[PDB]
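Data block below; observations after.
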Amino acid sequence: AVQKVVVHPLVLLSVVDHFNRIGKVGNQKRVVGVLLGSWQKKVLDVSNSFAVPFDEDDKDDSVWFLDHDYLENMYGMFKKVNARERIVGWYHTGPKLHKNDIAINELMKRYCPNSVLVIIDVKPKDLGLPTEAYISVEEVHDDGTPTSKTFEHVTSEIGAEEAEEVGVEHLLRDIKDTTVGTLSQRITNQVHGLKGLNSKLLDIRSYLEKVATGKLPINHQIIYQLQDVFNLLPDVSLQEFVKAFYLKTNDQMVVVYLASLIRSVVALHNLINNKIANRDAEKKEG
Amino acid sequence: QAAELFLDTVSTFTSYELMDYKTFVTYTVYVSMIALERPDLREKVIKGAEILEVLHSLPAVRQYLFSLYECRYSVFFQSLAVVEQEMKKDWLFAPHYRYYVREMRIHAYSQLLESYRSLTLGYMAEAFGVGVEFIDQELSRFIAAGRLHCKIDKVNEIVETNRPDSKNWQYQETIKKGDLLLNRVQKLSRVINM
Amino acid sequence: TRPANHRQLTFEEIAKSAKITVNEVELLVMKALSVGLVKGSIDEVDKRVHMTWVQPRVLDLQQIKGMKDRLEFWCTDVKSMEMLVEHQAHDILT
Amino acid sequence: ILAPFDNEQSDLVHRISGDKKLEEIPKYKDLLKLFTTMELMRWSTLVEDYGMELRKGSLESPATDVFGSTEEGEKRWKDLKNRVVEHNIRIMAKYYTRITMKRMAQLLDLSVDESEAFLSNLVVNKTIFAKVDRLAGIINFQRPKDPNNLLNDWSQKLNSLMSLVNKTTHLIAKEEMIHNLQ
Amino acid sequence: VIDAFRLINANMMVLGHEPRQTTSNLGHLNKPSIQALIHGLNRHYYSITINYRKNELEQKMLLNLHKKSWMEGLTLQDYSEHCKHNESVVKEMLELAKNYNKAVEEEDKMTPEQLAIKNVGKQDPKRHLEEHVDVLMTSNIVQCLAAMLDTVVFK
């Protein structure tokens, strides 16, 4: 269907503004709006947005109010100043997706059947990206319904255009990593990867405890995939693996050796040049 | 390097430094015995008629080369002894005339051991030269040097062979040349800067 | 039944556990492989087989506790390695 | 069936199979169903269940062509023999790893010398890889292992594991969302 | 390049006055460009200084630009192309090393004043060499560290 989505930063700043802007008006926990973008092949590119008035009461899961014609004619207004953009989705800023949300989608799907849901977390505490992307599918299973209706995951990333990137780079005066290179190649990576993996395993355990007891609506598919995951882990101890690993590292070291040798001899030549350029010039002051 | 630069057997005039074109031919065949292996030997120094016609007038060198090619090891050694005796008193070969010899002999061994795998050493006596103890000590001192990869057992008088990969040898020379260059550069480092 | 290691097994053990003569087990395992419920390989001259993957099954609240345990004392290793590396290279980008 | 195996045949059989009218002749239906699937009966049952049906019905004229002419009939029978023995070799090399000489010779219903003489021209044509030993009667497939491959597949398994463990969490989250949100 | 302007009435110069009575240094910290001053500028309109209103929250969430997935940090870079890249680079190191000592021998036989010109037409071995050492070391270090971390963190 659709394979990945790329989000421009301008929508991030717009959403961050909108959240506080509504914070003025009322005690609303959440806000909602329309995402505009374009397509290339299986890839979606999203670039501009505007907010739409929305209301909900926690009285119950079935009492909420979204206004039609505001969106209807606002999209007309935007069309009349840039023809390239089409309505292509909607966003909200809840920390996790809510129970209403699928019934929300069935409203606005009329405007674009491919419509996708993007979550933008407004308050980061963590090293994952703030975005998420979800697309609706029916799924078949043995019993309980012919099909359920389910959100499923599409991969998302932030991108930038030629000139908005200049704009953002003007603003980030206050911090940068000292040097790109091997220290960035590590500290910007491995430690972050390990932290992410640890947090994933923590969430797995947190669910598994509330399945050993608690509410425990056991779902067998989880157990199936977990069986796969545990089966997949390799035996490192095998002799024929060890001999290969040594036969590779014992090769990789030679290149580091040679390169360090060359580096040393070049630095030596540089020292020789400096010293002879000094002893033949210092004498001129008598 | 000599054998590569001595492949000018069609452009060497009756020069003033080697009175004999035949002496030039003898020198080039002598060095080509060591430098190059069997395909090139069999392809260049035996298929080039310009030197075959000259060698036709030099029976000793002809039989010396043919003995090594045809695996007649019995006649090889007398010719080798004659050659090394002659080159001991010759100029620009004396300073290392022994070295040369100690190559050819070991080379002969490497020309026979790789065809078979469990050859008895008794066969050498009637095929390479009489004397069991002589061959025994020769093989022992050649194994100890790190060349001619094989092994010998005395209780049953047998000789086995092995096939080391072409990696360990490609490693020792690397490590030792690295050591010497590092030593030299350290000496350079301290000799400068007081 | 077997552990995840050590799951090589021999013809005669199948022949006993299926009470079929040895000479059929080859065609039995061929059948099993052909419908994709088990994945592996066979060695006829050793008379042994090396199974490597098997279809999942349903399992109960007693089995999952082992999952919980192995997950906990797996995660401890990740935590240890993180706490090691972020110390040993402290200076290179503090 | 007579054509040697190739991609063109392997997908042409797929295209021509599953035709609605073809069910009116279940015999040849079973023929191509047999040759589409895995390891197949050696030689006896096929000829015993199909060697006589090639004269009845109202469509046996190509069957008579396979039978009538002496040279044509003999050649086509020989070619069918070769096709089935080749299919057996292909599938066993797909599944087996190392096997004795006599076992597969028996599974080919013909002598050991004929077996090796028949697979020799196969291996020299670079279509099936095997290194048979004529001293202990042990033959194998199993191409030698290269260092780059071992740990490369190890890294591939790591990639799959990471992808799966990443995909689990979203499903877990949508599981909690429909029960403990209110 | 952003700027802000406002008009001024010519009445004030008819009186001989000038606009923008001044009490502070902080207006004069910048100079207009010649191109801006050829056009009207001070004889018709005057500029105002600008600054950028910020808050920490939007900064805290904007710097996520070009952050990447954790999994990307643990990939092993296709062990089959790695060696090909390595012993491709080594070849040009060979062909450069054989060209270094000529430029070492010519170090002093000519006037140094023109030595700069000796560079301009023709690449020099010394500077062009060491970037290969940089590449080789940067790659081969991390390729080796990642394998160890993997061979400990999984089973």
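Labeling convention for the structure tokens: chains A, B, ... as they appear, residues from 1 per chain, ligands from 1 in order of appearance.
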### Task
Would you please extract all strand (DSSP E or B) residues from range 2-251 of chain A, as assigned by DSSP on the backbone, and give them as a ChimeraX atom specification?
/A:4-7,32-40,43-51,54-56,64-66,86-92,116-120,131-139,148-158
Residues of chain E that approach chain C to 10 Å or less, counting only C-alpha atoms: could you list each one with the shortest pair of atoms and its distance in Å to one decimal, rows by chain and increasing residue number, as a Markdown table?
| residue | atom | partner | partner_atom | distance |
| --- | --- | --- | --- | --- |
| E:149 | CA | C:81 | CA | 8.1 |
| E:152 | CA | C:77 | CA | 8.2 |
| E:153 | CA | C:78 | CA | 5.9 |
| E:154 | CA | C:74 | CA | 8.3 |
| E:155 | CA | C:74 | CA | 7.7 |
Quick one: which chain D residues come within 12 Å of chain E, and what is the nearest atom pair for each with the distance in Å to one decimal, counting only C-alpha atoms, rows ordered by chain and ascending number, as JSON lines?
{"residue": "D:146", "atom": "CA", "partner": "E:80", "partner_atom": "CA", "distance": 10.7}
{"residue": "D:147", "atom": "CA", "partner": "E:79", "partner_atom": "CA", "distance": 9.6}
{"residue": "D:148", "atom": "CA", "partner": "E:80", "partner_atom": "CA", "distance": 6.0}
{"residue": "D:149", "atom": "CA", "partner": "E:80", "partner_atom": "CA", "distance": 8.1}
{"residue": "D:150", "atom": "CA", "partner": "E:79", "partner_atom": "CA", "distance": 10.1}
{"residue": "D:151", "atom": "CA", "partner": "E:79", "partner_atom": "CA", "distance": 8.0}
{"residue": "D:152", "atom": "CA", "partner": "E:79", "partner_atom": "CA", "distance": 6.3}
{"residue": "D:153", "atom": "CA", "partner": "E:78", "partner_atom": "CA", "distance": 9.8}
{"residue": "D:154", "atom": "CA", "partner": "E:76", "partner_atom": "CA", "distance": 9.9}
{"residue": "D:155", "atom": "CA", "partner": "E:76", "partner_atom": "CA", "distance": 6.6}
{"residue": "D:156", "atom": "CA", "partner": "E:76", "partner_atom": "CA", "distance": 9.2}
{"residue": "D:157", "atom": "CA", "partner": "E:154", "partner_atom": "CA", "distance": 11.1}
{"residue": "D:158", "atom": "CA", "partner": "E:154", "partner_atom": "CA", "distance": 8.6}
{"residue": "D:159", "atom": "CA", "partner": "E:75", "partner_atom": "CA", "distance": 7.7}
{"residue": "D:160", "atom": "CA", "partner": "E:71", "partner_atom": "CA", "distance": 11.3}
{"residue": "D:161", "atom": "CA", "partner": "E:154", "partner_atom": "CA", "distance": 9.9}
{"residue": "D:162", "atom": "CA", "partner": "E:71", "partner_atom": "CA", "distance": 7.2}
{"residue": "D:163", "atom": "CA", "partner": "E:71", "partner_atom": "CA", "distance": 8.6}
{"residue": "D:164", "atom": "CA", "partner": "E:71", "partner_atom": "CA", "distance": 11.7}
{"residue": "D:165", "atom": "CA", "partner": "E:71", "partner_atom": "CA", "distance": 10.7}
{"residue": "D:166", "atom": "CA", "partner": "E:71", "partner_atom": "CA", "distance": 9.0}
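Between chain D and the residues C:25, C:4, C:42, C:20, the shortest atom-to-atom distance, using only C-alpha atoms, involves C:42.
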### Query
Within 6 Å of residue 48 in chain C, counting only C-alpha atoms, which residues qualify if same-chain residues fewer than 6 places away don't, as a ChimeraX atom specification?
/C:9-11
### Task
Specify as JSON, numbers by chain all residues of chain E found within 8 Å of chain A, counting only C-alpha atoms.
{"E": [58, 59, 61, 62, 63, 64, 65, 66, 67, 68, 69, 70, 71, 72, 73, 74, 126, 130, 133, 136, 137, 138, 140, 142, 144, 151, 154, 155]}
